[PDB]
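**Student:** coords below, sequence missing:
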């Protein structure tokens, strides 16, 4: 009665390795190609979110703290999941968006009511690792260089769920 991704076999792809080159290297041609060659689309999955209640946001300094407060509940989760959550906009109209990774068919939150607090106010959808959009969104959320025009806010403050 611990670790939801313990029913699964050997983990092919190595999240904790990827997390180094992700920021240690030129991800655009380092982590990106090393992620898009042989991901693990049988087991890992990508989950886009855009904080479905961005009305709840009304500063900048606080939202970075808020995102992270979630991550401190999800502290027994990061051991088999990651995300690149970004705070956008400003006080006047902020938003949180980002893409998360969880190691099963589900987003991990439903795999344990340990992690079913305020998550409902955020969207969570699986997407295809050979779409067009997912590949762009990932590149933007992972490089921070992308364009973020799909948000149309501004990038202000990134956060990582490592």
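**Tutor:** Ah, there it is. Numbers count the residues shown, from 1 in each chain.
**Student:** all strands for the chain, in order.
**Tutor:** Secondary structure of the chain by DSSP state E: the strands cover 45-49, 81-83, 86-88, 95-102, 125-126, 157-158.
**Student:** Nearest to residue 144, out of those?
**Tutor:** Among the strands of the chain, the nearest to residue 144 by CB to CB is strand 157-158 (5.9 Å). Backbone N, C-alpha and C define where each C-beta goes, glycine included.
**Student:** Pick the most buried one from the strands of the chain.
**Tutor:** strand 86-88 (a mean of 26; mean count of other CB atoms under 10 Å).
**Student:** Does anything pack onto it? Which helices or strands?
**Tutor:** Secondary-structure packing of strand 86-88 (3 or more CB pairs under 8 Å, 6 or more residues apart in numbering; DSSP states H and E): helix 63-73, strand 95-102, strand 157-158.
**Student:** Would you mind giving the ones you listed as TSV with distance to residue 113 added?
**Tutor:** Listed next are those as TSV, based on distance: least, CB to CB, whole Å:
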stretch	distance to residue 113
helix 63-73	11
strand 95-102	15
strand 157-158	29
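**Student:** which one of the ones you listed lies closest to residue 3?
**Tutor:** Taking the helices and strands packed on strand 86-88 one by one with CB to CB, strand 95-102 is closest: 13.0 Å.
**Student:** What strands line up against that closest one, and which way round?
**Tutor:** Using DSSP bridges, the strands paired with strand 95-102 in its sheet are strand 45-49 (antiparallel), strand 81-83 (antiparallel), strand 86-88 (antiparallel).
**Student:** right, so of these, which gets closest to residue 107?
**Tutor:** Comparing those by CB to CB, strand 45-49 comes nearest, at 5.1 Å.
**Student:** so how far is the closest one off the chain centroid?
**Tutor:** 6 Å (CA atoms, centre = their mean, to the nearest Å).
**Student:** just to revisit the earlier point, which stretch among the strands of the chain comes nearest residue 71?
**Tutor:** Closest to residue 71 of those is strand 81-83 (CB to CB; 8.3 Å).
**Student:** would you turn the strands paired with strand 95-102 into TSV with distance to residue 75?
**Tutor:** TSV is the format used below for the strands paired with strand 95-102 (distance: least, CB to CB, whole Å):
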stretch	distance to residue 75
strand 45-49	18
strand 81-83	11
strand 86-88	20
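**Student:** mind checking which of those is nearest residue 34?
**Tutor:** Judging the strands paired with strand 95-102 by CB to CB, what sits closest to residue 34 is strand 81-83, at 14.4 Å.
**Student:** Nice, that's everything, thank you.
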